[PDB]
Amino acid sequence: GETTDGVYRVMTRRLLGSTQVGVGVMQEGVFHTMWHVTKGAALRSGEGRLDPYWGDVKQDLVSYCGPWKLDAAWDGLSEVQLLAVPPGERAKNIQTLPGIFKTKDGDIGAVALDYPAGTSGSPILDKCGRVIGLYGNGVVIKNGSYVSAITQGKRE
Amino acid sequence: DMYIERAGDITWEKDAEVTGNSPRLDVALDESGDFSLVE
Ligand SMILES: CC(C)(CO)NC(=O)c1cccc(Cl)c1
């Protein structure tokens with residue numbers, strides 16, 4: 001199938017027409033998305049088949065064809081870009097300064113941008129274009145606004 | 001059956017639209033991977 005590095009849409013034909021359920025990152029021959037997007041199911045890429053390799057519901061991440069490859073981290077100071085891939089709309093970079101999710105196990109960056117749920121899996125980038133995490137697992141605040149964790153996996 | 005379609009290159013864009021705030025939130029992460037607000 002298609003194995004070029006880049007950001008990809010995750011689609012289904014189970015519902016009405018073709019529906020975008022999420023987004024993912026192809027890097028080093030491995031497809032990276034959020035667990036809630038595919039529920040661990042196999043994917044199709046033209047004539048090719050992508051099988052799940054690693055996943056964890058609590059981290060809300062899954063890799064296909066190989067182990068998780070993304071290891072860049074937010075520096076805790078600088079602005080970043082959400083490379084948003086919204087349903088039926090063109091890929092768009094949005095620059096923002098992340099906030100923080102404070103948890104009993106440590107702090108994590110958080111991006112406060114409003115996009116439909118089908119945008120889950122869009123990559124968050126540092127100034128050198130390295131993927132520091134995926135957008136799409138977070139919380140809804142008072143006004144109905146959305147704040148996503150910067151969710152990053154471990155490169156073994 | 002789910003399928004993938006290429007949507008673009010992963011690059012930082014100079015002079016991208018700059019927006020969004022930076023809240024400091026107290027949150028909890030459950031066994032199901034769901035975040036919730038703690039107060
Ligand atoms: C609150 C809105 C509708 C804001 O546009 N977004 C979401 O509810 C949502 C849920 C899960 C993942 C992602 Cl990316 C967005």
Side-chain angles (χ1 to χ4, degrees), chain A residues 5-10 21-28 30-38 53-64 66-86 91-103 105-140 146-156, chain B residues 7-13 16 18-25 27-30 33-36:
Chain A
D5 277 13
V7 65
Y8 284 69
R9 292 181 202 271
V10 175
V21 294
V23 176
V25 174
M26 189 74 73
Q27 184 175 128
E28 301 170 58
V30 171
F31 190 69
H32 305 75
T33 189
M34 310 206 83
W35 193 91
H36 81 257
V37 167
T38 64
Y53 182 98
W54 170 79
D56 185 285
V57 159
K58 184 169 178 185
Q59 299 176 53
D60 194 35
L61 296 176
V62 56
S63 70
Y64 286 79
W68 187 269
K69 300 288 171 165
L70 317 177
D71 59 351
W74 176 45
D75 59 13
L77 292 182
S78 333
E79 288 192 341
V80 307
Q81 290 185 352
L82 168 65
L83 172 43
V85 187
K92 193 187 39 175
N93 293 59
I94 306 296
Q95 182 168 323
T96 195
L97 176 81
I100 303 292
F101 269 7
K102 292 177 181 177
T103 85
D105 293 320
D107 289 6
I108 320 156
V111 304
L113 301 165
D114 288 344
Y115 279 98
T119 312
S120 301
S122 292
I124 302 162
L125 325 180
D126 66 11
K127 285 142 171 182
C128 327
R130 294 182 303 137
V131 179
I132 59 173
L134 304 187
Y135 162 90
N137 191 33
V139 89
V140 184
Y146 187 63
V147 181
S148 171
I150 300 176
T151 302
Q152 179 62 295
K154 186 186 169 191
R155 194 194 167 105
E156 291 282 305
Chain B
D9 287 11
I10 299 172
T11 51
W12 174 271
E13 287 301 312
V18 191
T19 203
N21 73 310
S22 315
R24 296 195 194 267
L25 303 171
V27 311
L29 175 61
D30 72 14
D34 299 316
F35 284 108
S36 57

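Throughout, a chain's letter reflects where its sequence line sits, starting with A, and its residues are numbered from 1. Values below: all heavy atoms of this structure, side chains included; hydrogens, waters and symmetry mates excluded.
Rounding to the nearest 0.5 angstrom, the gap separating the NZ atom in A:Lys154 from the CH2 atom in A:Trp54 is 10.5 Å. Rounded to the nearest 0.5 angstrom, A:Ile150 CD1 and A:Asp126 CG are separated by 10.5 Å. Here the straight-line distance linking atom OG of A:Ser122 with atom CG of A:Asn93 works out to 10.5 Å at 0.5 Å rounding. One finds the CG atom of A:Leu134 at 6.5 Å from the CG atom of A:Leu70 (value rounded to the nearest 0.5 Å). Here the CH2 atom belonging to B:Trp12 is positioned 11.5 Å from the CG atom belonging to A:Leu83, to the nearest 0.5 angstrom. Atom-to-atom distance recorded for A:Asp114:CG and A:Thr119:OG1 is 10.5 Å, nearest 0.5 angstrom.
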* Quick one: do A:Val147 and A:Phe101 satisfy side-chain contact (heavy atoms from CB on, under 4.5 Å)? Show the steps, please. => CA-CA 9 Å; A:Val147 181; A:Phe101 269 7; 3.8 Å; yes
- [ ] Take A:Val62 and A:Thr38, measure what side-chain contact (heavy atoms from CB on, under 4.5 Å) needs, and give me the verdict at the end.
- [x] CA-CA 8 Å; A:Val62 56; A:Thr38 64; 3.8 Å; yes
Begin with the C-alpha distance, continue with both residues' side-chain angles, and end with the deciding distance and a verdict on side-chain contact (heavy atoms from CB on, under 4.5 Å) for A:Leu125 and B:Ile10.
CA-CA 8 Å; A:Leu125 325 180; B:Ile10 299 172; 3.4 Å; yes
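At least one donor-acceptor pair closer than 3.5 Å links the side chain of A:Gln152 to the backbone N or O of A:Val131. A donor-acceptor pair is defined here as one N or O able to donate and one able to accept, closer than 3.5 Å; such a pair exists between the side chain of A:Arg9 and the backbone of A:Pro86.
In this structure, B:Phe35 and A:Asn137 approach most closely via the heavy-atom pair CE1-ND2, 3.5 Å. In terms of heavy-atom proximity, A:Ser78 sits nearest to A:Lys127 at CB-NZ, 3.2 Å. In terms of heavy-atom proximity, B:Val18 sits nearest to A:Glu79 at CG1-OE1, 3.9 Å. For the pair A:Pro98 and A:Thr96, the tightest heavy-atom approach, listed with the atom from each and the gap, is CD-O, 3.7 Å. Smallest separation of non-hydrogen atoms from A:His32 and A:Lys69: NE2-N, 2.9 Å. Contact between B:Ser36 and A:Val139 at its shortest, heavy atoms only, is CA-CG2, 3.8 Å.
Using a 4.5 Å cut-off on side-chain heavy atoms (C-beta onward), A:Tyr8 and A:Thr33 make no contact. Counting heavy atoms from C-beta outward, A:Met26 and A:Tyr64 have side chains that stay 4.5 Å or more apart. Looking at heavy atoms from C-beta onward, A:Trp74 lies in side-chain contact with A:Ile100 at the 4.5 angstrom threshold.
No option in A:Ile132, A:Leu61, A:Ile124 other than A:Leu61 meets the side-chain contact (heavy atoms from CB on, under 4.5 Å) test with A:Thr151.
The closest side-chain donor-acceptor pair between A:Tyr115 and A:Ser148, if any, does not fall under 3.5 angstrom.
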